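We did not get these values from a lab; they are worked out from the coordinates using the rules stated. Don't worry about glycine lacking a Cβ; one is built from the backbone with ideal geometry, like all the others, and counts go over all protein chains shown.
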There are 2 protein chains.
Amino acid sequence: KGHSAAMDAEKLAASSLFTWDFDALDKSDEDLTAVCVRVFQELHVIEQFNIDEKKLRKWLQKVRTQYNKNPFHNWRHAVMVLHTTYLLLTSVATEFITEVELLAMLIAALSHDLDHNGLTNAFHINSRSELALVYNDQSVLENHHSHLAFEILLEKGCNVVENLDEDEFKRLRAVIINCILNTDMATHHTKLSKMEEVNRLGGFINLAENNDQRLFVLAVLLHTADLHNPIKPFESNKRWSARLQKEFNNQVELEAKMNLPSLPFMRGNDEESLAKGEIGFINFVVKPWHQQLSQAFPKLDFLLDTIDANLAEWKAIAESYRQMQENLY
Amino acid sequence: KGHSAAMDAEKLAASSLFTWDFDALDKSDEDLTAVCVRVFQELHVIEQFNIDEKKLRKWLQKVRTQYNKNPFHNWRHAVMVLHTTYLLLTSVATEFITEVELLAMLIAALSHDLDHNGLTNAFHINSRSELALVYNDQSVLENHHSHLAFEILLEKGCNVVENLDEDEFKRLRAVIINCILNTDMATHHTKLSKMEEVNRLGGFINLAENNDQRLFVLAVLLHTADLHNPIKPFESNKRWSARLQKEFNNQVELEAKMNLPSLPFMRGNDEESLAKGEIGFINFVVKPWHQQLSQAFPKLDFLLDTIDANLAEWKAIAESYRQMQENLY
Ligand SMILES: [Mg+2]
Ligand SMILES: [Mg+2]
Ligand SMILES: [Zn+2]
Ligand SMILES: [Zn+2]
């Protein structure tokens, strides 16, 4: 029965947990567990919902065991999205997000890629996979992730939301479903267009009262945290991007063995292809997204300087390879 | 006094001997003898060097009696490496290998693991064995194999190279020594790095004239044939891998009785440990090796599809055991 969640951003930002340079690749298994628990603890959701910390840790374990050992879409990617969501909500959402929606964003971020196998939605649709048949080609993977999120959560020993009442769980369920389904890259352009129209009209007006407009912002922020590669230091940008390229190469190899069409961008398997793909992805997807995001939330415009520094680095790598490839001609 | 060995790959590939599905475990003792003789006969080395077939058969017998009844490193493993070497040379080497080097590759492949006792080089060095003292910790087993190869060969009734002149035997001896010594797994990474640099420069250029570069390729090919497990049908992959695991388990048992350190990968003695070890060995050793090999010799890239099929099979086995082990937690 509160107006907004119990958060003071400046106390939260003073913690050693608050660092935009966080990279799960440099953390051990026990370190990642501590990060997830610390996010829940420092955001006060454990005490606000009387969360059994034995169920929280059991739920965390069950979440990790349902992620697969993929190069990119793995348990460390989930923790990266959880931690980045914690950074984004602390920066801009402290005064309109509710307590239940805050708990929902933490669960959704950690659960958003459950049981990923390093294959894209196009593979499932083209191969007519069992998952594609279940979901009738509609956001196949994201529907699968959200389903397993609740199958794991509603289990008795992992029920971290056991103390929520009917109305609170209904809102938590709606927030998790909408935010995970909006991690589908096929819905990126629609959210970008709506953000542009909102920015044309001056911006968001009283988010604490407009429930549907507040949910849109939460979906926008989780999608932002999902694309964490270009907003991290370049060493983090390069290691994760090289891991995604490995998944792309494995899919093309599987698609050829199954006589399925492949997209030409996924075929590149060297450093020059990596840099060229990152330049295009940043110039046409990430940068226009954060330009609209920084206009609605100017506190986040420092991310544009991180995106530009990484973009300048990838262009230096591409220029070196092109300078070596032009001499053949 | 020839430019290259007298071989036409397409005539050779039409023989019933040419089959990548060959497995020595399914052959009788007399069948294996016939396979070894047929390799020598069909490659024309018997007539090219006027080989006394009574000495060839006596040499074959003496080779077999110097192999021990190990689960993996036995006489059938030697025939597997001989036959796989015959497949590899027929596929890619017909136009640069010389007649003497061809005969040397057949002898080296059959002799490459002589008097193996199912124990690794690390055991000899750690136990300060007599063999480790003889060879000053340098490629202990491989030096031992090559020594016995010539002790068996230079015997009068087994001298299959009696008709070679001085220059031809000197090259044959150099090829056998270098190729057997390069079966030392401790030299795998160095050969992989050189193959990567050669592939960066466009590939091998006129191997028929560069003697040292041609010897490197022969060493690369014999090492390829030594690791025949992942490039065979899965039933062959599993039976031989289970035999190697038995040797690993026997060594750890011997090392504990002698108060010697043991590597943790050798302790696994069940099917789940077998699958986990094969996935790691294929992902980090075999697959990167054949990716470089297929880039220098694209005719061999079908082996990558065999490696992937076996890798997918081992991952299905590991997933079943993990799905049964995660429910305890
Ligand atoms: Mg996803
Ligand atoms: Mg050996
Ligand atoms: Zn994701
Ligand atoms: Zn061997």
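Structure values in brief
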{"read-out": "Three-way shape label, the stretch A:207-329, alpha-carbon gyration tensor, a/c 1.5", "value": "oblate"}
{"read-out": "Space enclosed by the convex hull of the alpha-carbon atoms of the protein assembly as shown, per residue, Å³", "value": "193"}
{"read-out": "Those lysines that a straight Cα-Cα span of less than 17 Å connects to B:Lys1, excepting residues fewer than 8 apart in one chain", "value": "B:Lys170"}
{"read-out": "Most positive-pole-ward Cα, A:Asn159, A:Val37, A:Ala122, against dipole of the stretch A:14-328 from beta carbon charges", "value": "A:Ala122"}
{"read-out": "Mean ellipticity per residue at 222 nm, deg cm²/dmol - from DSSP H runs of n ≥ 4 across chain B, formula -39500 (n - 2.57)", "value": "-20000 deg cm²/dmol"}
{"read-out": "Relative packing of A:304-311, B:13-20, which averages over residues the other C-beta atoms within 10 Å, highest first", "value": "A:304-311, B:13-20"}
{"read-out": "Net charge dipole size for the stretch B:11-89 [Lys, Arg +1 and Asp, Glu -1 on Cβ; Debye, nearest 20]", "value": "360"}
{"read-out": "Local electrostatic count at A:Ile125 - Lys and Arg +1, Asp and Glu -1, tallied over other residues with Cβ under 15 Å", "value": "-4"}
{"read-out": "Hits among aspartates and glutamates - C-alpha to C-alpha of B:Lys156 under 12 Å, sequence gap 8 or more where chains match", "value": "B:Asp52"}
{"read-out": "At 7 Å out from Cα toward Cβ: A:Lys246 inter-copy label distances (nm, ascending)", "value": "3.5"}
{"read-out": "Mean Cα-pair separation over length for the stretch A:14-328, i.e. relative contact order, pairs under 8 Å, 6 or more apart, %", "value": "19"}
{"read-out": "Most mobile listed residue (B:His188, B:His144, B:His228) in chain B, GNM with C-alpha springs under 10 Å", "value": "B:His188"}
{"read-out": "Candidates B:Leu56, B:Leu82, B:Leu25: whichever shows maximal mean-square fluctuation once chain B is modelled as a Gaussian network with Cα springs under 10 Å", "value": "B:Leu25"}
{"read-out": "Charge tally in the Cβ shell below 13 Å around B:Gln61, where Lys, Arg are +1 and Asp, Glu are -1, B:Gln61 excluded", "value": "+2"}
{"read-out": "Pairs beyond 32 Å (Cα-Cα), from B:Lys62/B:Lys315; A:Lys62/A:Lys287; B:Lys191/B:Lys315", "value": "B:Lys62/B:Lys315; A:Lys62/A:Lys287"}
{"read-out": "Only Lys, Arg (+1) and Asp, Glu (-1) charged, at Cβ; the protein assembly as shown dipole about Cα centre in debye", "value": "540"}
{"read-out": "The stretch A:82-122-the stretch B:163-225 distance, computed between alpha-carbon centres (Å)", "value": "55"}
{"read-out": "Given charges at beta-carbon only (K, R positive; D, E negative), |dipole| of the stretch B:9-328 in Debye", "value": "460"}
{"read-out": "For chain B, alpha-carbon Rg over 2.2 N^0.38 Å", "value": "1.01"}
{"read-out": "Cβ-defined net charge surrounding A:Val175, 11 Å radius [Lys, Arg +1; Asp, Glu -1]", "value": "+2"}
